[PDB]
Structures are given as C-alpha cells and as structure tokens.
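Novice: Starting off with a structure, shown below.
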Amino acid sequence: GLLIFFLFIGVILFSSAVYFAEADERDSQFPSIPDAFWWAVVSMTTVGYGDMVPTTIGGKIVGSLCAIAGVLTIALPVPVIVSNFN
Amino acid sequence: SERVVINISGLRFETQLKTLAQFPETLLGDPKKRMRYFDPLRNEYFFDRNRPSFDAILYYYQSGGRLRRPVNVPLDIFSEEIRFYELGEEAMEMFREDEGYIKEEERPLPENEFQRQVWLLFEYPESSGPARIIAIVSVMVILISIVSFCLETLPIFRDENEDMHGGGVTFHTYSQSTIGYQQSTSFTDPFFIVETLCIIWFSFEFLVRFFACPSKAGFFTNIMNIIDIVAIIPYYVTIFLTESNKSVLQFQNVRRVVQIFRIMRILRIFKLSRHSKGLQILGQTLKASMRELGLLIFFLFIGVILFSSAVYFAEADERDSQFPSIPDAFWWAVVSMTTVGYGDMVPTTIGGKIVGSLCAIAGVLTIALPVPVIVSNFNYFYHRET
Amino acid sequence: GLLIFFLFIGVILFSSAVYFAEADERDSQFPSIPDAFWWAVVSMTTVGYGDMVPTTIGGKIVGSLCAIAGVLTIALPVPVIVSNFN
C-alpha cells in the first residue's frame with residue numbers, strides 16, 4: 001500500500017507539473033492533469049511507451065525528474081517485499 | 001565414569017573418560033597418545049593451544065559425532081585443530097562438506113609419452129608455452145567463426161546475387177540464401193572457405209580430445225564436450241541434407257530443417273566457455289538456480305495471462321483497438337512487465353490504462369522476487385573462485 | 001568487463017535469433033544480424049526505443065526472452081560494483 005500511495009503522490013505531482021508546463025502550447029499532448037496521470041505512471045515505472053511526451057523545455061525538466069523520482073519511489077518499498085518472499 | 005580434566009591454555013574443560021573412549025583413534029581417545037600431555041601435579045592434560053576451538057572439539061565427543069565450527073573461529077585455525085586432535089578423515093570430510101567444500105576429480109593420460117603429453121596442450125593452457133599458443137588460436141578461430149557467421153547476413157553481400165532485382169529464382173542462389181554460403185568443392189565462396197576452415201579446426205580439437213582423454217566414457221557428460229560437438233553438427237548435417245536433396249523440389253521440402261541448423265550455428269558462441277572463467281561461473285549459477293529461474297518464468301506467465309486478458313476486454317468495445325485477441329496482447333503484457341515498453345501496442349481507454357498501470361508495477365515486483373536469489377548464487381560461485 | 005562480456009554474448013545470440021525469425025518477412029525491420037545488435041542492446045537494457053520491433057510470433061518469443069535475459073544479465077555483475085562503491 002505504501003508503494004501505491006507514494007506512486008499516487010508522484011503521479012499527481014508530475015502530472016500537474018507537466019500539464020502546466022505544456023499548457024501554453026498548441027500541440028500539447030496533455031489535455032488535462034488527469035490525462036497526464038498515464039504519462040506519469042508510464043515514466044515513473046520507466047515503461048515509457050512514448051505515446052505521450054513533453055515537448056517544451058519545462059516539460060522535459062519535469063519529465064527528467066519524474067523518471068528519477070520513479071526509480072527511487074519504487075525502490076524504497078520493494079526491498080522489504082523481496083525480503084518477505086525470500 | 002572416572003572424570004578427565006583438559007586444560008586448554010588455562011581454560012578448564014571437564015568430561016567423563018567414557019565420553020572420550022567413544023573415539024579411540026583420536027588423540028584424546030587413545031591413552032598412549034594423550035599420555036604426553038598429562039600433568040601429574042594437577043591431574044589434568046594440558047594443551048598450549050587455541051581456546052575458542054576446543055569447545056566444539058569436546059562437543060564432538062559429547063554429541064557423538066557433531067563437529068560444528070564455532071561462528072567466531074576462522075576456518076583455517078579450526079581445521080588445524082581438527083587435525084591436531086586427530087579426529088580422522090571421515091570427520092574432516094563431513095566437516096568440509098558442511099563448510100561448503102569437497103570435490104576432486106580428473107584422471108590423467110596413461111599412454112604417457114603420447115596421449116598424456118597431447119592431452120596437456122589441449123586441456124591445460126598452463127601445461128606449457130605451446131599449450132597457451134593453442135588456446136589462443138581457439139579464441140581466434142571462435143571469434144572469427146562468429147564474425148563470419150554474422151557478415152553472412154549483411155545485405156551488401158547477400159543482396160548482391162543473381163536474383164537481387166526480383167528477377168527469376170535459381171536453385172543455387174536459393175540454397176545459398178538458406179544456408180548462408182555456397183557449398184561447392186570449388187571453394188569459390190569466401191564464406192564457405194572461412195566456415196570450412198573453422199570447422200576443420202573445431203573438428204580437429206573434438207577429435208583430439210576424444211582420442212586422447214583418460215575416460216572416453218564420461219566424455220559426453222562434460223557440458224564442454226557437448227558444446228564442441230554442437231559446434232560442428234550444423235556443418236556436416238547441412239552437407240548431408242543438401243547432397244541428399246540436390247534438386248529444387250527436394251530442397252524446398254527440407255529447407256526448414258536446413259534453416260534450423262543454420263540458427264544452431266550461433267551456439268558456437270559458447271565454445272568460449274572453455275576459455276572464460278566468468279562464463280563458467282554463470283553456467284554453475286544457472287544450473288544452481290533452475291527452481292528460481294522457473295519460478296520467474298511461471299510468475300511472469302501468470303501475470304502475462306491476467307493482464308493480457310484484462311487489457312483485451314477493456315479495449316474490446318473500441319473500433320481502434322490495438323488488441324485483436326488475448327494471445328496477441330501477451331506481447332504487450334511482457335513488454336510492459338519487463339518494462340521494455342516498445343510502444344507498438346498501447347491501451348487507449350481509461351480501463352486499459354488502469355490495467356496497464358498495474359501491469360507495469362506488478363512486473364517490477366514479479367521480476368524482483370526471484371532474481372535476488374539468482375544474484376546470490378552467482379555471487380557465491382563468483383567469490384568462491386576469486 | 002564481465003558485464004560487457006555477458007551483454008556481448010546475449011546481444012549476439014538474440015540478434016541472431018530475431019534476425020532469422022523475421023527473415024522470411026517482406027516488412028522485416030532486421031536487415032542483418034549486426035543491425036539487430038542495436039535492437040538487442042535496447043531490449044536487454046530494457047530501454048526499448050521502439051524503432052526496431054519484431055513483428056512475427058517467433059520474433060516476439062525471441063524478444064520476450066531477450067528482455068528477461070537482459071534483466072538477469074545486468075543484475076549479476078552490478079551488485080559487486082555497488083558493494084565496492086559502498
């Protein structure tokens with residue numbers, strides 16, 4: 001649950017930031033914050049399909065952080081789970 | 001029931017004589033052997049030795065055979081004490097096993113002058129300078145056989161033929177496209193030359209090793225020998241097959257088999273495992289990790305089917321669905337769980353994306369569970385060598 | 001070096017397999033084995049750009065294994081490195 005919760009926090013923070021950073025663009029791939037959730041989860045889990053990608057400098061900065069925060073976010077709770085399994 | 005006092009560098013131990021009499025052939029169990037250490041003034045046997053170790057030595061007699069090394073005592077120091085107290089080879093063997101050891105094999109060339117001498121420069125790179133030279137050539141031939149196998153697929157070479165511009169289709173150009181080279185006694189094709197040379201050498205080693213090894217029975221037991229054999233089978237089998245089907249129609253009928261053996265050629269890559277310590281460790285690791293490796297595949301399998309199914313139905317009522325069926329979605333599920341995410345298949349509906357999100361997370365967890373164990377095994381085998 | 005070596009072995013095995021599995025296809029994205037190296041490294045490191053993807057069933061089976069083998073391949077030597085750093 002802690003994993004889901006942290007992921008949830010990150011999804012909302014980055015979806016929000018990428019939305020606004022791409023807002024003043026005619027070719028924005030982010031219609032709304034809720035729509036950007038998909039992009040945020042796809043980036044944090046580092047799956048990166050590429051169906052949604054930021055195009056502005058601010059969007060890419062947000063994107064960069066999103067990827068790194070993802071690795072750390074997931075990395076924190078898993079170890080414990082792996083231990084239990086072990 | 002008479003009691004015995006053993007003084008280990010000041011540390012006082014006490015036991016019954018019957019407890020020691022249990023193992024007569026040891027130092028403490030044999031009166032004639034311990035006599036030397038008796039102090040008649042204090043009525044005790046005195047040993048100017050390591051203290052932490054004796055606890056376990058005494059417990060060995062009390063337990064009736066349990067020889068456990070104390071956690072706080074170095075294996076090198078404890079082993080010396082086991083030998084000093086003369087506990088015997090059986091106990092020692094039992095001990096090293098538990099401590100994670102044991103293993104000694106490898107006969108030796110009997111036909112001295114000839115065999116034994118050859119089997120040293122074709123099995124032990126350190127036997128002599130010439131031995132090294134040989135091993136080095138093997139790597140050169142292997143690497144070359146690999147580079148050549150790959151270049152056979154380069155368009156610059158294969159697209160330069162008689163049927164290159166979609167014209168007609170010649171039997172000779174057809175089999176050359178399937179096999180990868182031109183099988184002709186005229187050795188015109190440069191790829192057939194290199195391939196033939198390489199196989200001449202691979203055949204050579206295999207032959208030598210066979211007619212120059214101690215036990216020619218436990219030969220096809222060694223995984224290394226299997227590799228050597230598998231590394232040449234394709235060549236000869238291709239020859240046999242093409243000569244047994246020298247006509248267009250016949251070849252067309254045996255092409256699949258020929259193609260399969262062409263793919264098999266790549267296994268020659270593993271011939272390097274005879275010159276790679278790391279590659280051997282990996283082999284030992286995987287061998288020791290079948291249960292977890294299968295567990296990984298199994299869990300992945302479960303996840304693939306669950307998510308493929310869910311994403312299929314979530315995208316089903318859509319005109320632009322990228323998921324034709326559940327089986328087709330397996331690809332998407334594996335690509336997402338391993339987090340590779342090519343993006344050639346992606347859900348477009350809200351339900352599909354929710355399923356997708358979970359799929360990615362479940363993937364990370366799924367893979368993360370069994371790997372650690374595998375990594376441990378590798379780490380063990382890796383260090384228990386370096 | 002062990003990492004590079006193992007990766008090298010995997011790259012060649014999977015590039016070869018995916019090449020042949022996609023060979024008898026008009027729309028093959030794999031011109032040759034050497035060209036497929038790129039796809040193999042991109043899959044094993046799990047980067048997956050998607051500029052090269054198998055389209056046949058045999059290619060996808062090869063691809064699946066390639067991804068899994070990648071995770072394991074990289075996972076083996078890193079731990080030691082991480083320890084040294086630590």
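Chain labels follow the order of the structure tokens: the first chain is A, the next B, and so on; residue numbering restarts at 1 in every chain, and ligands are counted from 1 in their shown order.
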Dump as JSON lines the rows for residues of chain B within 8 Å of chain C: closest atom pair and distance in Å with one decimal, only C-alpha atoms counted, ordered by chain and rising residue number.

Specialist:
```
{"residue": "B:150", "atom": "CA", "partner": "C:33", "partner_atom": "CA", "distance": 5.8}
{"residue": "B:151", "atom": "CA", "partner": "C:34", "partner_atom": "CA", "distance": 7.6}
{"residue": "B:153", "atom": "CA", "partner": "C:32", "partner_atom": "CA", "distance": 4.9}
{"residue": "B:154", "atom": "CA", "partner": "C:32", "partner_atom": "CA", "distance": 5.2}
{"residue": "B:155", "atom": "CA", "partner": "C:31", "partner_atom": "CA", "distance": 6.7}
{"residue": "B:263", "atom": "CA", "partner": "C:17", "partner_atom": "CA", "distance": 6.9}
{"residue": "B:266", "atom": "CA", "partner": "C:13", "partner_atom": "CA", "distance": 6.8}
{"residue": "B:267", "atom": "CA", "partner": "C:13", "partner_atom": "CA", "distance": 7.9}
{"residue": "B:269", "atom": "CA", "partner": "C:9", "partner_atom": "CA", "distance": 7.3}
{"residue": "B:278", "atom": "CA", "partner": "C:2", "partner_atom": "CA", "distance": 6.7}
{"residue": "B:279", "atom": "CA", "partner": "C:6", "partner_atom": "CA", "distance": 7.7}
{"residue": "B:331", "atom": "CA", "partner": "C:60", "partner_atom": "CA", "distance": 6.8}
{"residue": "B:334", "atom": "CA", "partner": "C:64", "partner_atom": "CA", "distance": 6.4}
{"residue": "B:335", "atom": "CA", "partner": "C:64", "partner_atom": "CA", "distance": 7.2}
{"residue": "B:338", "atom": "CA", "partner": "C:67", "partner_atom": "CA", "distance": 6.4}
{"residue": "B:339", "atom": "CA", "partner": "C:46", "partner_atom": "CA", "distance": 6.6}
{"residue": "B:340", "atom": "CA", "partner": "C:46", "partner_atom": "CA", "distance": 4.6}
{"residue": "B:341", "atom": "CA", "partner": "C:48", "partner_atom": "CA", "distance": 6.0}
{"residue": "B:342", "atom": "CA", "partner": "C:50", "partner_atom": "CA", "distance": 4.2}
{"residue": "B:343", "atom": "CA", "partner": "C:50", "partner_atom": "CA", "distance": 6.2}
{"residue": "B:344", "atom": "CA", "partner": "C:50", "partner_atom": "CA", "distance": 7.0}
{"residue": "B:371", "atom": "CA", "partner": "C:72", "partner_atom": "CA", "distance": 6.9}
{"residue": "B:374", "atom": "CA", "partner": "C:76", "partner_atom": "CA", "distance": 8.0}
{"residue": "B:375", "atom": "CA", "partner": "C:76", "partner_atom": "CA", "distance": 5.3}
{"residue": "B:378", "atom": "CA", "partner": "C:76", "partner_atom": "CA", "distance": 6.7}
{"residue": "B:379", "atom": "CA", "partner": "C:76", "partner_atom": "CA", "distance": 7.6}
```

Novice: Restricting it to C-alpha atoms, dump the selection as a PDB file, in the first residue's frame.

Specialist:
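Dumped to again_4.pdb:
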```pdb
ATOM      1  CA  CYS B 150      27.224 -12.524 -38.807  1.00  0.00           C
ATOM      2  CA  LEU B 151      28.628 -10.978 -42.005  1.00  0.00           C
ATOM      3  CA  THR B 153      23.612 -11.691 -43.244  1.00  0.00           C
ATOM      4  CA  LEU B 154      24.938  -8.298 -44.333  1.00  0.00           C
ATOM      5  CA  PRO B 155      22.848  -7.080 -47.320  1.00  0.00           C
ATOM      6  CA  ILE B 263      20.404 -20.922 -36.450  1.00  0.00           C
ATOM      7  CA  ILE B 266      25.277 -19.499 -33.386  1.00  0.00           C
ATOM      8  CA  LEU B 267      25.743 -21.831 -30.417  1.00  0.00           C
ATOM      9  CA  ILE B 269      29.451 -18.717 -29.237  1.00  0.00           C
ATOM     10  CA  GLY B 278      33.130 -15.871 -15.862  1.00  0.00           C
ATOM     11  CA  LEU B 279      31.107 -17.812 -18.397  1.00  0.00           C
ATOM     12  CA  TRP B 331       3.327  -9.382 -26.276  1.00  0.00           C
ATOM     13  CA  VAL B 334       5.539  -8.980 -21.419  1.00  0.00           C
ATOM     14  CA  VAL B 335       6.799  -5.754 -22.948  1.00  0.00           C
ATOM     15  CA  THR B 338       9.749  -6.216 -18.167  1.00  0.00           C
ATOM     16  CA  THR B 339       9.194  -2.502 -18.566  1.00  0.00           C
ATOM     17  CA  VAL B 340      10.697  -2.553 -22.087  1.00  0.00           C
ATOM     18  CA  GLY B 341       7.635  -0.675 -23.419  1.00  0.00           C
ATOM     19  CA  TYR B 342       8.332  -0.502 -27.194  1.00  0.00           C
ATOM     20  CA  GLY B 343       5.055   1.339 -27.660  1.00  0.00           C
ATOM     21  CA  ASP B 344       3.898  -0.696 -30.649  1.00  0.00           C
ATOM     22  CA  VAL B 371      16.269 -12.550  -9.169  1.00  0.00           C
ATOM     23  CA  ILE B 374      19.958 -15.951  -8.533  1.00  0.00           C
ATOM     24  CA  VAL B 375      22.233 -12.976  -7.912  1.00  0.00           C
ATOM     25  CA  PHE B 378      26.216 -16.059  -8.823  1.00  0.00           C
ATOM     26  CA  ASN B 379      27.910 -14.007  -6.119  1.00  0.00           C
TER      27      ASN B 379
END
```

Novice: Which residues are near residue 20 of chain B? Cut-off 10 Å, only C-alpha atoms, ignore same chain within fewer than 4 positions. Put them as number ranges by chain.

Specialist: B: 4, 15-16, 24, 26-31, 58, 60-62, 64

Novice: Could you write out, as a count of residues only, all the residues of segment 169-248 of chain B that DSSP marks as alpha helix (DSSP H)?

Specialist: 50

Novice: Which residues are close to segment 100-114 of chain B, i.e. within 7 Å by only C-alpha atoms, leaving aside same-chain residues fewer than 4 positions away? Reply as number ranges by chain.

Specialist: B: 96, 118-119, 213-214

Novice: Take the residues that were just selected and, keeping N, CA, C and O atoms, output them as a PDB file, in the first residue's frame.

Specialist:
```
ATOM      1  N   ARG B  96      34.275 -30.364   6.021  1.00  0.00           N
ATOM      2  CA  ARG B  96      34.428 -29.514   4.847  1.00  0.00           C
ATOM      3  C   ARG B  96      33.147 -29.461   4.015  1.00  0.00           C
ATOM      4  O   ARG B  96      32.815 -28.424   3.443  1.00  0.00           O
ATOM      5  N   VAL B 118      49.864 -34.903 -25.199  1.00  0.00           N
ATOM      6  CA  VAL B 118      48.996 -34.129 -26.081  1.00  0.00           C
ATOM      7  C   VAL B 118      47.819 -33.562 -25.298  1.00  0.00           C
ATOM      8  O   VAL B 118      47.462 -32.395 -25.448  1.00  0.00           O
ATOM      9  N   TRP B 119      47.225 -34.400 -24.457  1.00  0.00           N
ATOM     10  CA  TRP B 119      46.089 -34.002 -23.638  1.00  0.00           C
ATOM     11  C   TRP B 119      46.421 -32.852 -22.683  1.00  0.00           C
ATOM     12  O   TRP B 119      45.534 -32.312 -22.025  1.00  0.00           O
ATOM     13  N   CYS B 213      41.796 -38.597 -24.322  1.00  0.00           N
ATOM     14  CA  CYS B 213      41.290 -38.315 -22.985  1.00  0.00           C
ATOM     15  C   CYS B 213      41.296 -39.584 -22.151  1.00  0.00           C
ATOM     16  O   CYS B 213      41.130 -40.683 -22.680  1.00  0.00           O
ATOM     17  N   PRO B 214      41.486 -39.448 -20.831  1.00  0.00           N
ATOM     18  CA  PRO B 214      41.502 -40.615 -19.947  1.00  0.00           C
ATOM     19  C   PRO B 214      40.236 -41.456 -20.111  1.00  0.00           C
ATOM     20  O   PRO B 214      40.250 -42.491 -20.775  1.00  0.00           O
TER      21      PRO B 214
END
```

Novice: Tell me, as a compact mmCIF listing (two decimals) with N, CA, C and O atoms, in the first residue's frame, which residues lie within 12 Å of residue 137 of chain B, counting only C-alpha atoms; anything in the same chain fewer than 3 positions away does not count.

Specialist:
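Here's the written file selection.txt:
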```txt
# COMPACT_ATOMS: atom_id res chain seq x y z
N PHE B 122 45.98 -29.48 -24.92
CA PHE B 122 44.63 -29.42 -25.48
C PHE B 122 43.62 -29.48 -24.35
O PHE B 122 42.44 -29.76 -24.58
N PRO B 125 46.01 -25.04 -20.64
CA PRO B 125 46.74 -23.91 -21.22
C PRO B 125 48.02 -23.53 -20.49
O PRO B 125 48.88 -22.85 -21.05
N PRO B 130 53.58 -23.85 -25.42
CA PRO B 130 52.86 -24.29 -26.62
C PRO B 130 51.37 -24.45 -26.34
O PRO B 130 50.53 -24.15 -27.20
N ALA B 131 51.05 -24.93 -25.14
CA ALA B 131 49.66 -25.13 -24.74
C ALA B 131 48.91 -23.81 -24.85
O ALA B 131 47.79 -23.76 -25.37
N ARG B 132 49.52 -22.73 -24.36
CA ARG B 132 48.90 -21.41 -24.43
C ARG B 132 48.64 -21.03 -25.88
O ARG B 132 47.52 -20.65 -26.24
N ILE B 133 49.67 -21.13 -26.71
CA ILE B 133 49.56 -20.80 -28.13
C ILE B 133 48.30 -21.41 -28.73
O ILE B 133 47.57 -20.74 -29.46
N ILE B 134 48.06 -22.67 -28.41
CA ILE B 134 46.89 -23.38 -28.92
C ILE B 134 45.59 -22.73 -28.44
O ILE B 134 44.72 -22.39 -29.25
N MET B 140 40.79 -17.19 -31.35
CA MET B 140 40.85 -16.52 -32.63
C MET B 140 39.90 -17.17 -33.63
O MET B 140 39.17 -16.49 -34.35
N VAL B 141 39.91 -18.50 -33.66
CA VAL B 141 39.05 -19.24 -34.57
C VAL B 141 37.59 -19.06 -34.19
O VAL B 141 36.74 -18.89 -35.07
N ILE B 142 37.30 -19.09 -32.90
CA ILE B 142 35.93 -18.92 -32.42
C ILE B 142 35.42 -17.52 -32.77
O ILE B 142 34.36 -17.38 -33.39
N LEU B 143 36.17 -16.50 -32.38
CA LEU B 143 35.78 -15.12 -32.67
C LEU B 143 35.58 -14.95 -34.17
O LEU B 143 34.59 -14.36 -34.61
N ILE B 144 36.51 -15.48 -34.95
CA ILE B 144 36.43 -15.39 -36.40
C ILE B 144 35.18 -16.10 -36.93
O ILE B 144 34.48 -15.58 -37.79
N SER B 145 34.90 -17.28 -36.39
CA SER B 145 33.73 -18.04 -36.84
C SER B 145 32.45 -17.26 -36.55
O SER B 145 31.46 -17.40 -37.26
N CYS B 198 37.29 -23.02 -40.21
CA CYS B 198 36.87 -23.02 -38.81
C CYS B 198 36.36 -24.37 -38.35
O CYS B 198 36.68 -24.80 -37.24
N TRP B 201 39.14 -26.98 -37.87
CA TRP B 201 39.78 -26.83 -36.56
C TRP B 201 38.87 -27.29 -35.42
O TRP B 201 39.34 -27.94 -34.49
N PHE B 202 37.59 -26.96 -35.49
CA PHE B 202 36.66 -27.38 -34.45
C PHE B 202 36.58 -28.90 -34.44
O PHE B 202 36.49 -29.52 -33.38
N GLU B 205 40.04 -30.32 -32.77
CA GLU B 205 40.02 -30.32 -31.31
C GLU B 205 39.15 -31.46 -30.78
O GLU B 205 39.61 -32.28 -29.99
N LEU B 272 33.40 -20.44 -26.25
CA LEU B 272 34.22 -19.54 -25.46
C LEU B 272 34.22 -19.89 -23.98
O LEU B 272 35.11 -19.48 -23.24
N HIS B 275 37.30 -21.03 -22.23
CA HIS B 275 38.38 -20.08 -22.01
C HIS B 275 37.91 -18.90 -21.17
O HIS B 275 38.64 -17.93 -20.99
```

Novice: For residue 273 of chain B, find every residue with an atom within 10 Å (counting only C-alpha atoms), except residues of its own chain fewer than 3 positions away, and show them as a list in words.

Specialist: residues 223, 224, 227, 268, 269, 270, 276, 277, 278, 279, 280, 281, 282 and 283 of chain B
